[PDB]
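Under PDB author numbering, the sequence shown has 146 at position 144, and the numbering climbs by one with no breaks. Backbone N, C-alpha and C define an ideal beta-carbon position, used for all residues, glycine too.
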Amino acid sequence: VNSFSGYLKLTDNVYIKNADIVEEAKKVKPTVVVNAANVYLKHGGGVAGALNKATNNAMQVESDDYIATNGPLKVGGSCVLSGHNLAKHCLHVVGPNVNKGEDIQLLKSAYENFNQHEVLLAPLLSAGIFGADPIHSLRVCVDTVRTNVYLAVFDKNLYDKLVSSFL
Ligand SMILES: CC(C)[C@H]1CCCN1c1ncnc2[nH]ccc12
Ligand SMILES: [Cl-]
Numbered sequence: 003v004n005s006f007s008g009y010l011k012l013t014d015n016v017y018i019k020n021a022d023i024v025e026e027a028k029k030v031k032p033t034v035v036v037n038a039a040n041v042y043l044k045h046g047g048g049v050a051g052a053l054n055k056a057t058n059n060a061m062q063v064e065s066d067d068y069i070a071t072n073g074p075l076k077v078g079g080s081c082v083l084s085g086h087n088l089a090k091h092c093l094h095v096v097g098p099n100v101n102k103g104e105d106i107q108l109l110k111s112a113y114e115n116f117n118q119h120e121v122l123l124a125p126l127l128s129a130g131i132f133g134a135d136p137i138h139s140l141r142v143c144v145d146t147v148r149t150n151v152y153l154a155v156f157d158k159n160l161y162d163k164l165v166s167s168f169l
């Protein structure tokens with residue numbers, strides 16, 4: 003039993019809710035919140051810009067030190083950093099950005115990072131300003147993640163389409 007509330011159960015391990023991931027994280031304080039990161043951990047917009055804003059830029063400060071030490075992530079890769087005031091940890095995961103011409107097959111690799119964590123709060127990878135088809139992202143999530151994932155979808159109209167079209 004966990005404190006996530008109001009989720010629709012899509013499968014044995016995948017749950018979904020129309021919710022602002024920022025507000026969800028502040029309420030639940032999950033062990034792991036997933037960020038929709040880029041390889042430079044430059045949290046300027048989309049989910050990443052919103053999460054970073056909620057940390058008063060502490061996420062960005064920590065991220066800049068991480069990049070200065072380690073260099074950029076790989077597309078499809080991840081790193082674990084602090085969750086600041088939002089969660090114990092933040093798993094920064096880089097899905098392919100279609101508006102950069104990145105290979106959509108890497109979306110499965112991106113979701114594989116979730117399997118290293120028993121329970122996560124997360125957005126749909128490569129959705130929003132990353133330009134992938136969210137119905138596809140949900141399909142890959144369900145077919146790749148085996149741990150317990152609670153998906154927050156910001157857009158109510160998109161949420162209704164994902165549920166109604168879910169096979
Ligand atoms: C609409 C969703 C599929 C993705 C794509 C863009 C933004 N988005 C978000 N999802 C969850 N929580 C969020 N908080 C702020 C933005 C945001
Ligand atoms: Cl985004």
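In its chain, beyond the 5 residues on either side, 113 and 116 have a beta carbon closer than 6 Å to the beta carbon of residue 147.
Per the coordinates, the alpha-carbon of residue 90 lies some 21 Å from the alpha-carbon of residue 75. For residue 19, the pairing in a beta bridge is given by DSSP as 154. The DSSP-derived three-state label of residue 43 is coil.
Around the CB of residue 26, 16 or more other CB atoms lie within 10 Å, so the residue is classed as buried.
Assignment of residue 138 by DSSP, reduced to helix, strand and coil, places it in the helix class. The beta carbon of residue 37 is closer than 6 Å to those of 50, 53, 92 and 94 in its chain, skipping five residues each way along the sequence.
About 10 Å separates the CB atoms of residue 56 and residue 35; that is not less than 8 Å, and the two are not in contact. By the Cβ neighbour-count rule, residue 104 is buried, with 16 or more other Cβ atoms within 10 Å of its own.
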